[PDB]
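Have a look at work-v8.pdb below; it lists PDB, C-alpha atoms.
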ATOM      1  CA  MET A   1       0.000   0.000   0.000
ATOM      2  CA  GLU A   2       1.633   3.213   1.201
ATOM      3  CA  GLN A   3       4.760   1.173   1.926
ATOM      4  CA  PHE A   4       6.224   1.385  -1.575
ATOM      5  CA  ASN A   5       5.119   5.011  -1.635
ATOM      6  CA  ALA A   6       6.944   5.454   1.672
ATOM      7  CA  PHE A   7      10.223   3.651   0.976
ATOM      8  CA  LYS A   8      10.263   4.667  -2.688
ATOM      9  CA  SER A   9       9.350   8.306  -2.096
ATOM     10  CA  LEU A  10      12.212   8.220   0.383
ATOM     11  CA  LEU A  11      14.599   7.623  -2.507
ATOM     12  CA  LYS A  12      13.199  10.677  -4.293
ATOM     13  CA  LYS A  13      14.705  12.894  -1.586
ATOM     14  CA  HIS A  14      17.917  10.943  -2.151
ATOM     15  CA  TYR A  15      17.910  10.953  -5.952
ATOM     16  CA  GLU A  16      16.155  14.329  -6.063
ATOM     17  CA  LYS A  17      18.937  15.334  -8.457
ATOM     18  CA  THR A  18      20.079  12.130 -10.156
ATOM     19  CA  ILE A  19      17.219  12.603 -12.617
ATOM     20  CA  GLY A  20      19.193  11.702 -15.759
ATOM     21  CA  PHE A  21      20.002   8.399 -14.042
ATOM     22  CA  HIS A  22      16.301   7.749 -13.536
ATOM     23  CA  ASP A  23      15.351   8.786 -17.069
ATOM     24  CA  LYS A  24      18.093   6.304 -17.991
ATOM     25  CA  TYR A  25      17.390   2.863 -16.487
ATOM     26  CA  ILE A  26      15.565   2.938 -13.144
ATOM     27  CA  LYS A  27      12.973   4.819 -15.226
ATOM     28  CA  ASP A  28       9.800   2.965 -14.214
ATOM     29  CA  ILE A  29      10.357  -0.714 -13.435
ATOM     30  CA  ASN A  30       7.851  -2.998 -11.709
ATOM     31  CA  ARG A  31       9.742  -6.006 -10.323
ATOM     32  CA  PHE A  32      10.765  -5.754  -6.672
ATOM     33  CA  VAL A  33       9.903  -7.797  -3.578
ATOM     34  CA  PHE A  34      10.534  -8.016   0.167
ATOM     35  CA  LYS A  35      10.290 -11.183   2.283
ATOM     36  CA  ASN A  36      13.649 -12.150   3.781
ATOM     37  CA  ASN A  37      15.118  -9.167   5.621
ATOM     38  CA  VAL A  38      16.503  -8.432   2.155
ATOM     39  CA  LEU A  39      15.131  -6.545  -0.850
ATOM     40  CA  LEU A  40      15.672  -7.365  -4.532
ATOM     41  CA  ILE A  41      15.005  -5.110  -7.526
ATOM     42  CA  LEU A  42      15.207  -5.610 -11.291
ATOM     43  CA  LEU A  43      18.321  -4.193 -12.961
ATOM     44  CA  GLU A  44      19.879  -5.776 -16.050
ATOM     45  CA  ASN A  45      22.002  -2.792 -17.088
ATOM     46  CA  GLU A  46      25.564  -3.907 -16.367
ATOM     47  CA  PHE A  47      26.814  -0.373 -15.775
ATOM     48  CA  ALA A  48      23.911   0.981 -13.728
ATOM     49  CA  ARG A  49      24.419  -2.115 -11.601
ATOM     50  CA  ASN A  50      28.190  -1.683 -11.480
ATOM     51  CA  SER A  51      28.101   1.776  -9.911
ATOM     52  CA  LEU A  52      25.024   1.062  -7.799
ATOM     53  CA  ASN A  53      26.679  -1.937  -6.141
ATOM     54  CA  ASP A  54      30.039  -0.142  -6.083
ATOM     55  CA  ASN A  55      28.619   2.342  -3.582
ATOM     56  CA  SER A  56      24.892   2.795  -2.947
ATOM     57  CA  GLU A  57      23.642   1.665   0.470
ATOM     58  CA  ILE A  58      19.919   1.867  -0.307
ATOM     59  CA  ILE A  59      19.664   0.885   3.362
ATOM     60  CA  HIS A  60      20.930   4.306   4.428
ATOM     61  CA  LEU A  61      17.345   5.460   3.789
ATOM     62  CA  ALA A  62      15.196   2.333   3.602
ATOM     63  CA  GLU A  63      16.151   1.865   7.261
ATOM     64  CA  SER A  64      13.331   4.225   8.254
ATOM     65  CA  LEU A  65      10.294   2.488   6.771
ATOM     66  CA  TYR A  66      11.245  -0.819   8.397
ATOM     67  CA  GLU A  67      12.667  -1.836  11.771
ATOM     68  CA  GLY A  68      16.147  -2.015  10.257
ATOM     69  CA  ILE A  69      16.831  -3.260   6.733
ATOM     70  CA  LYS A  70      19.746  -5.673   6.400
ATOM     71  CA  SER A  71      20.760  -4.698   2.867
ATOM     72  CA  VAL A  72      19.674  -4.194  -0.747
ATOM     73  CA  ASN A  73      20.653  -5.578  -4.154
ATOM     74  CA  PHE A  74      19.696  -5.433  -7.836
ATOM     75  CA  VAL A  75      20.167  -8.017 -10.590
ATOM     76  CA  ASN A  76      18.901  -9.152 -13.996
ATOM     77  CA  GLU A  77      15.452 -10.491 -14.872
ATOM     78  CA  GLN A  78      17.004 -13.962 -15.010
ATOM     79  CA  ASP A  79      18.958 -13.716 -11.761
ATOM     80  CA  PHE A  80      16.094 -11.961  -9.991
ATOM     81  CA  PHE A  81      13.910 -14.870 -11.107
ATOM     82  CA  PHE A  82      16.295 -17.295  -9.421
ATOM     83  CA  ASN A  83      15.685 -15.409  -6.181
ATOM     84  CA  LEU A  84      11.917 -16.056  -6.142
ATOM     85  CA  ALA A  85      12.395 -19.505  -7.663
ATOM     86  CA  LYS A  86      14.235 -20.635  -4.536
ATOM     87  CA  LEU A  87      10.852 -21.413  -2.988
ATOM     88  CA  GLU A  88      10.232 -25.155  -3.247
ATOM     89  CA  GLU A  89       6.754 -26.645  -3.640
ATOM     90  CA  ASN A  90       5.422 -24.829  -0.577
ATOM     91  CA  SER A  91       4.670 -21.108  -0.410
ATOM     92  CA  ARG A  92       1.875 -19.029   1.122
ATOM     93  CA  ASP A  93       0.743 -21.939   3.290
ATOM     94  CA  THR A  94      -0.313 -19.390   5.905
ATOM     95  CA  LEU A  95      -4.079 -19.073   6.352
ATOM     96  CA  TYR A  96      -5.363 -16.093   8.346
ATOM     97  CA  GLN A  97      -8.471 -13.900   8.377
ATOM     98  CA  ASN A  98      -9.214 -10.199   8.831
ATOM     99  CA  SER A  99     -11.320 -11.228  11.823
ATOM    100  CA  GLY A 100      -9.411 -13.445  14.250
TER     101      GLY A 100
END
Final structure tokens representation of the file:
Amino acid sequence: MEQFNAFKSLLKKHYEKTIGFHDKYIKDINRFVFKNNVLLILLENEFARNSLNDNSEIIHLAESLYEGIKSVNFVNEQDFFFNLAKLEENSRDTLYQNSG
């Protein structure tokens, strides 16, 4: 819900000047997930990924929306896929209700 808007908008303040970069790759993706103290985000561009991982620390800000992020990383559509593929046969086996 507001989460993405919270963590993401947080970046804005950070990259409130690195426009060109945005208009470059980060543009407007749509593949990112959280569910292991870690966060993964789509990023095939070799360069964009080079620099980003060379010195980014997306935790330096994302450590406000959550208790305390552990880290952040970006990869390619294929690699990223391997991250969610890890899950075996089981998955959302949890069964709750908005009225416990």
**Message:** Neighbouring residues of residue 7 of chain A were defined as those with any atom within 6 Å, considering only C-alpha atoms; residues of the same chain fewer than 2 positions away were excluded. Please report them as an MDAnalysis selection string.
**Reply:** chainID A and resid 4:5 9:10 62 65
Compile the contact shell of residue 59 of chain A as a short mmCIF file (atom, residue, chain, number, x, y, z; two decimals) with C-alpha atoms, in the coordinates of the input: residues with an atom at most 7 Å away, counting all atoms listed in the file, same-chain residues fewer than 6 positions apart removed.
data_model
loop_
_atom_site.label_atom_id
_atom_site.label_comp_id
_atom_site.auth_asym_id
_atom_site.auth_seq_id
_atom_site.Cartn_x
_atom_site.Cartn_y
_atom_site.Cartn_z
CA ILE A 69 16.83 -3.26 6.73
CA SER A 71 20.76 -4.70 2.87
CA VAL A 72 19.67 -4.19 -0.75
#
**Request:** Excluding segment 85-99 of chain A and any residue of its chain fewer than 5 positions from it, enumerate the residues within 12 Å of it, using all atoms listed in the file, and give them as a PyMOL selection string.
**Result:** chain A and resi 35-36+77-80
**Request:** Taking the point (24.8, 2.6, 1.7) as given in the file, collect each protein or nucleic acid residue that comes within 12 Å of it, counting all atoms listed in the file, and present the set as a ChimeraX atom specification.
**Result:** /A:14,52-63,69-73
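Between atom CA of residue 68 of chain A and atom CA of residue 39 of chain A there is a distance of 12.0 Å.
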**Between atom CA of residue 20 of chain A and atom CA of residue 38 of chain A - distance in Å to one decimal** = 27.1 Å
**Asked** Which of these residues is nearest to residue 48 of chain A, using only C-alpha atoms: A:25, A:17, A:83, A:100?
**Response**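 Nearest candidate to residue 48 of chain A out of A:25, A:17, A:83, A:100: A:25.
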